[PDB]
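# Chain and residue survey
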Amino acid sequence: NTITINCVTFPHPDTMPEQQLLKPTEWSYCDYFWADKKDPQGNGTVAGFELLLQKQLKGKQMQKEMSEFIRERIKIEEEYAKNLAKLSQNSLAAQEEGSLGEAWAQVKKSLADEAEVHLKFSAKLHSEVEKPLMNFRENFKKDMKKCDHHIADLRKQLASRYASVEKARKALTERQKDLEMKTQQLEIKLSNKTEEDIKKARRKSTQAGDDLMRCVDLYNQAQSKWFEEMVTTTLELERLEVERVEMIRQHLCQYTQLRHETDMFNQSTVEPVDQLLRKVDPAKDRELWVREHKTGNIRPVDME
Amino acid sequence: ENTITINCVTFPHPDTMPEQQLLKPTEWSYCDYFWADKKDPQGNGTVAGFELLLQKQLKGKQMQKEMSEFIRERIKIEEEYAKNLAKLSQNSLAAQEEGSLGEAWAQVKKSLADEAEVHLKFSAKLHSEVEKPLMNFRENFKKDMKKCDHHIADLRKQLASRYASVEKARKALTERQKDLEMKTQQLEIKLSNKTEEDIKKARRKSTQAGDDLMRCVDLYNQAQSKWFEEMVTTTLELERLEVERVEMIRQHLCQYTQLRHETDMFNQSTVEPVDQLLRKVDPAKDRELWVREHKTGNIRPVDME
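Residues numbered from 1 in each chain as written, not as in the entry; some residues may be left out. Chains lettered and ligands numbered in written order. Heavy atoms only, no water.

## Side note on the interface of chain B and chain A
Taken together, the contact pairs 104 residues of chain B with 102 residues of chain A. Roughly 10200 Å² is buried in total at the junction of chain B and chain A, and carbon and sulfur atoms are behind 67% of that figure. Counting every contact that joins chain B to chain A gives ten salt bridges. A salt bridge links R286 of chain A to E239 of chain B, with the shortest nitrogen-to-oxygen separation between them at 3.6 Å. Linking chain B with chain A are 38 residue pairs in polar contact, by the criterion used here. Those elements that place two or more of their residues in the side of chain B that touches chain A are strand 2 (9–12), helix 1 (49–89), helix 2 (99–135), helix 3 (141–181), helix 5 (195–268), helix 6 (272–279) and helix 7 (283–294) of chain B. When residues of the side of chain B that touches chain A are assigned to their parent elements, the largest contribution, 24 residues, is made by helix 5 of chain B. (Contact = heavy atoms within 4.5 Å. Buried area = accessible area lost by both parts, 1.4 Å probe. Salt bridge = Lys/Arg side-chain N within 4 Å of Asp/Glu carboxyl O. Polar contact = N/O pair within 3.5 Å; in protein donor to acceptor, adjacent residues only side chain to side chain. Helix = DSSP H or I, 4+ residues; strand = E, 2+ residues; numbered from the N terminus.)

This is the structure we're talking about:
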């Protein structure tokens, strides 16, 4: 008829009529985690809900690790900027003069500019990617545990109710036996003091049957409460996982855009050097130099 | 005395000053402004203008060397950057993220390696097209100038020698003149028979000394003219060399600029695949992938009995 596994009742075996999915054909949490998972390695049994929770937790661990990756990237960029900046301060070939000297100086200064660009890049990574990836929903900690214990407690109630039901089944079958006995005693010899006990047996028996019906009802109520809770919570988990994926995609797109625009900014720093390289004139340089270093403008002549 | 001699080279006195026009009277050329020696701003020492030109050449070579080394530093930096980027690209952080999100993440990591390739290639091209050409330009120039130095220097030595002779000759002249001018006095006070022949000897040797002077002056002027023409051609050569130096340096710095540009373009192009996969991320499909593998069963509970 039906079957009970871990205090929960399912159809049996069956090739039964029914059953349409709750959300076709999304692979929803609310449709595929009713049975409990028996680990095949022999470490106990857990509700499917536990699988959902572990999946969520793992998701958060993942976004943490991503954040860490970005932190490492930031560190690399800072070292790069550091080196570029120090090299920009280098005094190599500083005594080169003229428009050539100007262009060279501008090359070094351009190095400084690149360094600043990459530093700001790393800062933007920090504010707009690393911290958001990390600091996303810090408060899942005991909250999700709370949810867990909630569902678990509902399962507790279910188990209790099942126990009560089984007890009722015992009492019922027992009383039935007692009545079917005492009616045989009425078949052998009433009497009249024996008879009202035969009536009382019927009383207590039917009473026990009503007790059974009651216990079964309360069981079904417990399972239905557990059911509705299961549904709402699992859908909540589905939504949360989806939006996790969404925010991560968003911030990775952020990373890509920052990379792109940072490389544009970086490329734009050699243009000043280019402007000066075009203005380089060997003749003008030479004349400037001769103007500052001449020994005199008189030519030799013959003696006497 | 209408000329003046400083450091064995003869210039007008000035006067006042004559005039004389420049060889290249619109340019501030090497051939017009480095005949005189530069006076030490303190002592009684001088150095030739030509030496100033030579020193300028040497400085030029030193400077292209230093630029080359600067580029070496840049190469080292880029290489360290590339190394770090490569190692981080190999990191296994969040490797257990699965589905299209996991794949997009994987490409995020790989793009770092791609950047590494770009920057490494950048540094390599810096080495090939910028550093080495700067360093290896005119390798024997150090000695090519040294030889050049000796050339002009040797001429100047000769000039000095000639000048010395001239001065020596003047000594001999002034002496002989006096020797004559003072033997006529001996005849003026106590004339005798040997003194006349001593005046004859004196006059002879005197005119001879004068002829020696004239000759020495001629050879001096000859030496100075040789020094002059050679000086001119050589200074024009150094002018040309400095020009071609500046031009090659400009060329290779432009090369540097080009490498910068294309390196930043290549670098920018590495996030495009990441973008492409990032657009393909689907939460629903991901979920389907996971649930298909982790479902416990799709049968719902029912009522007892």
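## Things to note about the layout of surface pockets
When its volume is computed, the largest pocket comes out at roughly 570 Å³. In this structure, the largest pocket is lined by 27 residues; those nearest its centre are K55 and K58 of chain A together with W290, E293 and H294 of chain B. Within the residue set of the lining of the largest pocket, elements represented by two or more residues are helix 1 (48–88) and helix 4 (195–267) of chain A together with helix 2 and helix 7 of chain B. If you tally residues by element for the lining of the largest pocket, the top one is helix 7 of chain B, at seven residues. For the lining of the largest pocket, the per-class residue count stands at nine nonpolar, five polar and 13 charged. (1 Å grid on protein atoms, 1.4 Å probe; cavity = no way out; pocket = protein on both sides within 12 Å on 5 of 7 lines; lining within 4 Å. Points joined across faces, edges and corners; volume = space filled by probe spheres on them. Nonpolar A, V, L, I, M, F, W, Y, C, P; charged D, E, K, R; others polar.)

## Examining empty space enclosed by the protein
Empty space among the atoms becomes apparent when a probe as large as a water molecule is rolled across them. Evaluated as defined, the whole model comprises six cavities of 30 Å³ or more. What lines the largest cavity is a set of 15 residues, and nearest its centre among them are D285, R286 and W289 of chain A together with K56 and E242 of chain B. Of all the elements in the fold, those that place two or more residues in the lining of the largest cavity are helix 2 (98–134) and helix 6 (282–293) of chain A together with helix 5 of chain B. Of the residues forming the lining of the largest cavity, the biggest block, six residues, is contributed by helix 6 of chain A.

## Some points on the pattern of salt bridges
Should the charged atoms of two oppositely charged side chains come close, the side chains can pair. If you walk through the whole model with that rule in mind, you get 44 salt bridges over all chains. We note a salt bridge from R73 of chain A to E77 of chain A, for which the minimum N-O separation is 3.0 Å. Of this pair, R73 of chain A and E77 of chain A both sit in helix 1, four residues apart, which is roughly one turn of the helix. One exposure class covers both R73 of chain A and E77 of chain A, and it is buried. Residue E96 of chain A is joined to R245 of chain B by a salt bridge in which the shortest nitrogen-to-oxygen separation is 2.5 Å. Remark: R245 of chain B occurs in helix 5 and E96 of chain A occurs in the loop between helix 1 and helix 2; the pair is interchain, linking two chains. Classification of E96 of chain A by relative accessible area gives buried; the value is 7%. Residue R245 of chain B is classed as buried on the basis of its relative accessible area of 1%. Look at the salt bridges and you will find they share partners, linking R73, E77, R259 and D263 of chain A together with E115 of chain B into a network. (Buried < 20%, exposed > 50% of the residue type's maximum accessible area, 1.4 Å probe, protein only.)

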